[PDB]
Amino acid sequence: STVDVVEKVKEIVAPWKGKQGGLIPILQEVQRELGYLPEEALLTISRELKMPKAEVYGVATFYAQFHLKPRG
Amino acid sequence: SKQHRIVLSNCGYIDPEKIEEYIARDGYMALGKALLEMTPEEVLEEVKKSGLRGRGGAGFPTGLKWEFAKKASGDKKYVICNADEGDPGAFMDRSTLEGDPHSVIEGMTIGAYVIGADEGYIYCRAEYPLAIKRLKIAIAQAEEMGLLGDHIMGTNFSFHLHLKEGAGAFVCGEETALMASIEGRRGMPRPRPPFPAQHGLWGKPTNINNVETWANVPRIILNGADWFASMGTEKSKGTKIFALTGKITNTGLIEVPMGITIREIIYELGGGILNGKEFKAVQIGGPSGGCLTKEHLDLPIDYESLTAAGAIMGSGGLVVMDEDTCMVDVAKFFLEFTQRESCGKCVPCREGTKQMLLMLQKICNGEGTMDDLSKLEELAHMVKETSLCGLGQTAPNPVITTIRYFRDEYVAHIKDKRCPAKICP
Amino acid sequence: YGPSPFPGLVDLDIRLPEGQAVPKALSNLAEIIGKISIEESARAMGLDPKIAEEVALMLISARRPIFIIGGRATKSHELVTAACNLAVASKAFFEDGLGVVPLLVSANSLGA
Amino acid sequence: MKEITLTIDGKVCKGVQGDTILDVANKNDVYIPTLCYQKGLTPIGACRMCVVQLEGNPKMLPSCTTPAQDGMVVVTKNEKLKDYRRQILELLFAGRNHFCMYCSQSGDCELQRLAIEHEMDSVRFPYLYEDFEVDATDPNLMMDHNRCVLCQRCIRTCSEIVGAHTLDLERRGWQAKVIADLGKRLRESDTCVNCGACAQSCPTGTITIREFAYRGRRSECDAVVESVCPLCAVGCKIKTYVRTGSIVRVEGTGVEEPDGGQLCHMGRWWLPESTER
Ligand SMILES: NC(=O)c1ccc[n+]([C@@H]2O[C@H](COP(=O)([O-])OP(=O)(O)OC[C@H]3O[C@@H](n4cnc5c(N)ncnc54)[C@H](O)[C@@H]3O)[C@@H](O)[C@H]2O)c1
Ligand SMILES: Cc1cc2nc3c(=O)[nH]c(=O)nc-3n(C[C@H](O)[C@H](O)[C@H](O)COP(=O)(O)O)c2cc1C
Ligand code: SF4
Ligand code: SF4
Ligand code: SF4
Ligand code: SF4
Ligand code: FES
Ligand code: FES
């Protein structure tokens, strides 16, 4: 559910608020627990870390390990 | 066969997890004699005469980099260990972090003591879970014994390690891309003159180094410096881990001193090609490295000697080719790798790499003219001399080196339309 | 009492209810010059004691704060003084003046 | 010392020990080709057109990011550099789809001027005919990615000067692209203030103000007058361009002040829309 991922990634970004770094590990752990990075996950990561959406989408699509669509 | 092992002088004659097995073989002694016997200055100057050049690929004297990092402003430093080995064939370094993480921990600690670094990072790809596991447990098993926590030996010296798991890119192995990747940004290299010793992680001075040069500072401290300078030629002193692979009988990691003729590497160490075939070429520096052939058989392998031969030393992978392999296809494969792992920041690389891939594809497919070869050569030279990061400056290496030694093999694709690879129409 | 003009950069949205919140604000900042009471000065501000408490707590921990006073606050020449007093009650000084930076709607303000 | 001296093109130039070579060149009059350099933004190092070499050293150094050091001789024009710069321009033209015939910036584009000054009359490369998106969803701004040099001066203007970090780079490699928030079109992005600082920063004709297309070319103006924006109190300095009794373009002078030349939607949309009432 698109509402489950909201709180579920809230609990993954919790240990990282206000620590000056560690965004690619956040994305790594959202990839581990979802297999892909949905748009809702990225929007909530941006709203919690108060990092712009352009930055999180740029770093999410920079690496080949991540995926923006559900994988087979 | 017969080779000198310094970096991997532990291999399997050690337990990879429990530390007291490691200390039973002079494990942490260096740290003591550098933290309780010597001064934070002589430890730098006696490394500076050891001639330990950067084993990461550049070949820079680590003593000079440590001097640049120590003589910095402000009181906040860092030490970083680059184990984001992205070359598919350069498992050289993951094997070291999986064999003896404690020697690397010692090296990072010695660096922190000399430079004056409080914190420290290690960069490992999330694709290597074994090294990450063993290092995460080794740092704990080494701080419990009071070697990686606060007031080590009670000497006003603290050193914490934060293992950072890499994301997986190959451009993220450069200093600036690594620094950007730790800070949660894109691994896009930045201009060099603000070097990562006056301005690094979060603006604080850093001393990024490779893992095999980190695995050498411990031994050169304890066994001395005059001894380490007695295994080099005249400029490059020490050992070097090589990944001998390809169509060779004996494949794996070897440790030869520097200034070794390549013949011994392929004719008597691996024991010859993996059939009754003959030797055509050997790529020396992984994907972004040149390729040497039979005119280079008695040329010693150094940092300065390989450069004159168009081949760079980096990722240390020595992949050997049979007589059947074609150099046009070899160049295309090694350039299609560096294209996929390009950042897309500098015009020369973002464009010329794709264009050279197309030119090589049309020269191998028989649709090549006689001036597209000149176009390819000039494009290689332009991308080499204009690109920002070393990726763009060493990506058109397997084209320059395949044209300067196999020029007839290229011209044969334009004039007689047939290929000695015997694999394609 | 507005739409929080930066929905995504603010970390403390304090919505004041209308009426006479100007004396409430001026008495609230009076304590920050002396003690640095709050509950009594936080009733017309429509904030439970805790809300005003950590407002003051973040206001005191800032070494160089600044206030942006808008044109809505000019519905009463009292609230402008309230903002300018919150400026002095937190040591928001600069070599050209206080940290108030009013948002004037035209350029010929003094001229007009 | 804080007072160094170099020799660019034989001409002796003065400068300060902290600047780069391009700054010392621009300080006197001296010309160096630039495409990704913008006064007011931290040097990027992407186009590699500002390459320059010293006597003795065969290496090539980017004049915009390499610092100046007293005693160095600088050579900006020779056969090697002309060849390399022409190859870079030909790569840029063969990679993307540049149609100068109907470009809105077809007489004031930095790339086109650099191509004409280097006598480019052929591309020498197989002309990759790739399909790039043209984003005209926003009624005011148009982003035609067929004309992108990937200089990132739009991503640096919406980040350090504006703050509305709406633009960034999508997938790496040759597939690099300038996207809005989360790969959306500009009209779906909520973090945009419609300031047009990106249109002023773009050297090519990728980002373009739509309603003044083909009229707001700085090359075919009649007069340039600098004044102040009357609409609000900030009072931003402007660079009004006049053509046939009409304001066709308002650009923000003040790339040295903290504003950075970014004007508000009013300052650069209402003012040229006012002259046609
Ligand atoms: N996987 C790999 O290991 C791999 C992959 C490709 C290539 N490579 C190697 O990468 C290299 C690319 O060059 P590079 O990126 O190492 O750059 P470089 O050759 O300029 O590196 C020089 C080193 O010296 C340091 N240095 C130099 N001057 C300094 C100063 N004034 N102050 C502080 N530090 C200073 C730099 O920080 C760096 O560590 C090639 O030599 C290549 O063989 C390695
Ligand atoms: C594309 C590219 C990838 C690199 N990858 C690595 C790497 O994985 N590990 C590494 O130690 N150095 C790597 N380097 C070299 C770095 O610049 C290195 O951190 C630097 O040379 C310092 O290490 P050294 O002093 O031991 O040479 C890479 C360089 C480039 C251009
Ligand atoms: S952006 Fe410049 S080079 Fe490209 S089509 Fe338009 S005028 Fe021509
Ligand atoms: S209009 Fe302004 S806010 Fe929007 S993308 Fe352009 S510069 Fe950024
Ligand atoms: S849109 Fe313009 S400014 Fe932005 S990267 Fe492309 S060419 Fe450069
Ligand atoms: S451009 Fe906009 S912000 Fe600047 S003075 Fe004019 S109205 Fe005010
Ligand atoms: S590689 Fe020469 S035959 Fe295709
Ligand atoms: S202009 Fe000097 S590198 Fe881009």
# chains A, B, ... in the order shown; residues from 1 in each chain; ligands from 1
$ closest_atom_pairs --of "chain C" --to "chain D" --cutoff "7 Å" --atoms "only C-alpha atoms" --output "CSV"
residue,atom,partner,partner_atom,distance
C:104,CA,D:233,CA,5.9
C:105,CA,D:232,CA,5.7
C:106,CA,D:232,CA,4.9
C:107,CA,D:233,CA,4.2
$ residues_around --residues "residue 3 (chain A)" --least-positions-apart "4" --cutoff "9 Å" --atoms "only C-alpha atoms" --output "list in words"
residues 7, 8 and 40 of chain A
$ write_last_selection --atoms "N, CA and C atoms" --output "JSON list (two decimals), in the first residue's frame"
[["chain", "number", "residue", "atom", "x", "y", "z"],
["A", 7, "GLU", "N", 4.93, 5.47, 6.35],
["A", 7, "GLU", "CA", 5.44, 5.27, 7.70],
["A", 7, "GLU", "C", 6.63, 4.30, 7.71],
["A", 8, "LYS", "N", 6.64, 3.34, 6.79],
["A", 8, "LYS", "CA", 7.71, 2.35, 6.79],
["A", 8, "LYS", "C", 9.06, 2.99, 6.46],
["A", 40, "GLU", "N", 6.49, 7.59, -4.08],
["A", 40, "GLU", "CA", 6.08, 7.95, -2.73],
["A", 40, "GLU", "C", 7.25, 7.89, -1.76]]
$ closest_atom_pairs --of "chain A" --to "chain B" --cutoff "10 Å" --atoms "only C-alpha atoms" --output "Markdown table"
| residue | atom | partner | partner_atom | distance |
| --- | --- | --- | --- | --- |
| A:20 | CA | B:183 | CA | 7.5 |
| A:21 | CA | B:183 | CA | 5.0 |
| A:22 | CA | B:184 | CA | 5.8 |
| A:23 | CA | B:184 | CA | 5.1 |
| A:24 | CA | B:184 | CA | 5.9 |
| A:25 | CA | B:165 | CA | 7.3 |
| A:26 | CA | B:184 | CA | 9.8 |
| A:27 | CA | B:167 | CA | 9.5 |
| A:28 | CA | B:167 | CA | 7.7 |
| A:55 | CA | B:185 | CA | 7.6 |
| A:56 | CA | B:185 | CA | 8.5 |
| A:58 | CA | B:186 | CA | 7.3 |
| A:59 | CA | B:186 | CA | 5.5 |
| A:60 | CA | B:186 | CA | 9.1 |
| A:61 | CA | B:186 | CA | 9.5 |
| A:62 | CA | B:186 | CA | 6.7 |
| A:63 | CA | B:169 | CA | 6.2 |
| A:64 | CA | B:168 | CA | 7.3 |
| A:65 | CA | B:168 | CA | 6.6 |
| A:66 | CA | B:167 | CA | 8.8 |
$ write_last_selection --atoms "N, CA, C and O atoms" --output "mmCIF file, in the first residue's frame"
data_model
loop_
_atom_site.group_PDB
_atom_site.id
_atom_site.type_symbol
_atom_site.label_atom_id
_atom_site.label_comp_id
_atom_site.auth_asym_id
_atom_site.auth_seq_id
_atom_site.Cartn_x
_atom_site.Cartn_y
_atom_site.Cartn_z
ATOM 1 N N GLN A 20 23.890 15.001 8.750
ATOM 2 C CA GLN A 20 24.812 15.536 7.750
ATOM 3 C C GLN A 20 25.445 14.408 6.929
ATOM 4 O O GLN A 20 26.634 14.104 7.020
ATOM 5 N N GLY A 21 24.592 13.748 6.165
ATOM 6 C CA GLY A 21 25.039 12.739 5.229
ATOM 7 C C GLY A 21 24.082 11.567 5.208
ATOM 8 O O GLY A 21 22.918 11.685 5.578
ATOM 9 N N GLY A 22 24.608 10.430 4.766
ATOM 10 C CA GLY A 22 23.874 9.181 4.783
ATOM 11 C C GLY A 22 22.528 9.213 4.091
ATOM 12 O O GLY A 22 21.497 8.951 4.717
ATOM 13 N N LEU A 23 22.521 9.539 2.802
ATOM 14 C CA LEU A 23 21.314 9.442 1.991
ATOM 15 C C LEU A 23 21.309 8.211 1.100
ATOM 16 O O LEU A 23 20.262 7.579 0.930
ATOM 17 N N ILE A 24 22.453 7.849 0.532
ATOM 18 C CA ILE A 24 22.550 6.635 -0.274
ATOM 19 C C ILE A 24 22.390 5.387 0.597
ATOM 20 O O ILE A 24 21.913 4.367 0.081
ATOM 21 N N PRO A 25 22.736 5.387 1.896
ATOM 22 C CA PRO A 25 22.339 4.228 2.711
ATOM 23 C C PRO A 25 20.849 4.180 2.985
ATOM 24 O O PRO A 25 20.273 3.087 3.057
ATOM 25 N N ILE A 26 20.204 5.337 3.144
ATOM 26 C CA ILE A 26 18.748 5.362 3.259
ATOM 27 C C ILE A 26 18.115 4.740 2.023
ATOM 28 O O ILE A 26 17.252 3.861 2.121
ATOM 29 N N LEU A 27 18.539 5.189 0.838
ATOM 30 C CA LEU A 27 18.013 4.628 -0.401
ATOM 31 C C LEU A 27 18.346 3.149 -0.526
ATOM 32 O O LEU A 27 17.527 2.370 -1.026
ATOM 33 N N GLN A 28 19.532 2.743 -0.074
ATOM 34 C CA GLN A 28 19.899 1.334 -0.108
ATOM 35 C C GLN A 28 18.956 0.496 0.746
ATOM 36 O O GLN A 28 18.534 -0.591 0.334
ATOM 37 N N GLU A 55 17.455 16.575 -5.966
ATOM 38 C CA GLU A 55 18.660 15.907 -5.484
ATOM 39 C C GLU A 55 18.437 14.417 -5.260
ATOM 40 O O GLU A 55 19.268 13.599 -5.676
ATOM 41 N N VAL A 56 17.334 14.045 -4.606
ATOM 42 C CA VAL A 56 17.117 12.637 -4.292
ATOM 43 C C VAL A 56 16.832 11.847 -5.562
ATOM 44 O O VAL A 56 17.260 10.694 -5.700
ATOM 45 N N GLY A 58 18.082 12.673 -8.513
ATOM 46 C CA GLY A 58 19.347 12.605 -9.219
ATOM 47 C C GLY A 58 20.271 11.542 -8.663
ATOM 48 O O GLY A 58 20.959 10.850 -9.418
ATOM 49 N N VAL A 59 20.302 11.393 -7.339
ATOM 50 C CA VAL A 59 21.170 10.377 -6.754
ATOM 51 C C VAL A 59 20.533 8.992 -6.849
ATOM 52 O O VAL A 59 21.241 7.981 -6.898
ATOM 53 N N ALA A 60 19.200 8.918 -6.903
ATOM 54 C CA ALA A 60 18.538 7.630 -7.066
ATOM 55 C C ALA A 60 18.724 7.069 -8.469
ATOM 56 O O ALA A 60 18.799 5.847 -8.640
ATOM 57 N N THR A 61 18.800 7.931 -9.478
ATOM 58 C CA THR A 61 18.970 7.498 -10.856
ATOM 59 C C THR A 61 20.419 7.544 -11.315
ATOM 60 O O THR A 61 20.701 7.221 -12.472
ATOM 61 N N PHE A 62 21.342 7.929 -10.436
ATOM 62 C CA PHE A 62 22.758 7.933 -10.777
ATOM 63 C C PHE A 62 23.359 6.536 -10.741
ATOM 64 O O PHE A 62 24.220 6.215 -11.566
ATOM 65 N N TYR A 63 22.918 5.696 -9.811
ATOM 66 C CA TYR A 63 23.508 4.386 -9.587
ATOM 67 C C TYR A 63 22.654 3.304 -10.232
ATOM 68 O O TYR A 63 21.422 3.380 -10.220
ATOM 69 N N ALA A 64 23.318 2.293 -10.795
ATOM 70 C CA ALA A 64 22.606 1.224 -11.480
ATOM 71 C C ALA A 64 21.958 0.242 -10.516
ATOM 72 O O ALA A 64 21.067 -0.511 -10.925
ATOM 73 N N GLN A 65 22.382 0.227 -9.251
ATOM 74 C CA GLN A 65 21.801 -0.703 -8.288
ATOM 75 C C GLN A 65 20.345 -0.365 -8.003
ATOM 76 O O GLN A 65 19.519 -1.264 -7.807
ATOM 77 N N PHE A 66 20.011 0.921 -7.971
ATOM 78 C CA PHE A 66 18.651 1.327 -7.660
ATOM 79 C C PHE A 66 17.739 1.133 -8.869
ATOM 80 O O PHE A 66 18.192 0.950 -10.001
#
$ closest_atom_pairs --of "chain A" --to "chain C" --cutoff "12 Å" --atoms "only C-alpha atoms" --output "CSV"
residue,atom,partner,partner_atom,distance
A:43,CA,C:8,CA,11.5
A:44,CA,C:8,CA,11.2
A:46,CA,C:8,CA,9.4
A:47,CA,C:8,CA,6.7
A:48,CA,C:8,CA,9.1
A:49,CA,C:8,CA,10.2
A:50,CA,C:9,CA,6.8
A:51,CA,C:9,CA,9.5
A:52,CA,C:8,CA,9.7
A:53,CA,C:8,CA,11.3
$ residues_around --residues "region 17-31 of chain C" --least-positions-apart "5" --cutoff "7 Å" --atoms "only C-alpha atoms" --output "list in words"
residues 1, 36, 38, 41, 42, 44, 45, 46, 78, 79, 82, 85, 86 and 89 of chain C
$ residues_around --residues "residue 116 (chain B)" --least-positions-apart "6" --cutoff "12 Å" --atoms "only C-alpha atoms" --output "list in words"
residues 40, 41, 44, 66, 67, 68, 69, 70, 71, 72, 73, 74, 75, 76, 77, 78, 79, 108, 109, 110, 156, 157, 158, 159, 205, 206 and 207 of chain B
$ interface_residues --of "chain B" --to "chain D" --cutoff "10 Å" --atoms "only C-alpha atoms" --output "ChimeraX atom specification"
/B:186-194,338-356,358-359,372,375,378-379,381-383,385-388
$ residues_around --residues "residue 320 (chain B)" --least-positions-apart "6" --cutoff "7 Å" --atoms "only C-alpha atoms" --output "ChimeraX atom specification"
/B:245-248,281-283
$ write_last_selection --atoms "N, CA and C atoms" --output "compact mmCIF listing (two decimals), in the first residue's frame"
# COMPACT_ATOMS: atom_id res chain seq x y z
N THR B 245 44.84 -12.84 -15.16
CA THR B 245 43.64 -13.53 -15.63
C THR B 245 43.61 -13.48 -17.15
N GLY B 246 42.52 -13.99 -17.71
CA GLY B 246 42.44 -14.16 -19.14
C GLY B 246 42.72 -15.60 -19.52
N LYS B 247 43.13 -15.77 -20.77
CA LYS B 247 43.46 -17.09 -21.30
C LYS B 247 44.87 -17.46 -20.86
N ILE B 248 45.02 -17.72 -19.57
CA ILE B 248 46.31 -18.10 -19.00
C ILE B 248 46.11 -19.36 -18.16
N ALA B 281 48.74 -10.29 -26.84
CA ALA B 281 48.73 -9.04 -26.11
C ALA B 281 48.32 -9.29 -24.66
N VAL B 282 48.60 -8.31 -23.82
CA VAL B 282 48.22 -8.34 -22.41
C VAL B 282 47.81 -6.94 -21.99
N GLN B 283 46.57 -6.80 -21.52
CA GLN B 283 46.11 -5.54 -20.96
C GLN B 283 46.53 -5.46 -19.50
$ residues_around --residues "residue 195 (chain D)" --least-positions-apart "3" --cutoff "7 Å" --atoms "only C-alpha atoms" --output "ChimeraX atom specification"
/D:262-265
$ write_last_selection --atoms "N, CA, C and O atoms" --output "PDB file, in the first residue's frame"
ATOM      1  N   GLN D 262      18.965  37.138 -10.592  1.00  0.00           N
ATOM      2  CA  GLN D 262      17.637  36.548 -10.676  1.00  0.00           C
ATOM      3  C   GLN D 262      16.581  37.595 -10.362  1.00  0.00           C
ATOM      4  O   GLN D 262      16.509  38.117  -9.245  1.00  0.00           O
ATOM      5  N   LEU D 263      15.706  37.828 -11.320  1.00  0.00           N
ATOM      6  CA  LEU D 263      14.606  38.742 -11.132  1.00  0.00           C
ATOM      7  C   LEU D 263      13.353  37.896 -10.912  1.00  0.00           C
ATOM      8  O   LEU D 263      13.318  36.718 -11.266  1.00  0.00           O
ATOM      9  N   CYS D 264      12.325  38.489 -10.321  1.00  0.00           N
ATOM     10  CA  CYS D 264      11.057  37.802 -10.085  1.00  0.00           C
ATOM     11  C   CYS D 264      10.229  37.700 -11.362  1.00  0.00           C
ATOM     12  O   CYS D 264      10.517  38.386 -12.342  1.00  0.00           O
ATOM     13  N   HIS D 265       9.231  36.817 -11.353  1.00  0.00           N
ATOM     14  CA  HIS D 265       8.330  36.620 -12.487  1.00  0.00           C
ATOM     15  C   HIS D 265       7.807  37.948 -13.022  1.00  0.00           C
ATOM     16  O   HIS D 265       7.666  38.129 -14.231  1.00  0.00           O
TER      17      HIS D 265
END
$ residues_near_ligand --ligand "ligand 2" --cutoff "7 Å" --atoms "only C-alpha atoms and all ligand atoms" --output "ChimeraX atom specification"
/B:54-60,62,82-86,170-175,208-211,213,389-391
$ residues_near_ligand --ligand "ligand 3" --cutoff "7 Å" --atoms "only C-alpha atoms and all ligand atoms" --output "VMD selection string"
chain D and resid 98 to 100 103 to 107 109 to 112 147 204 to 206
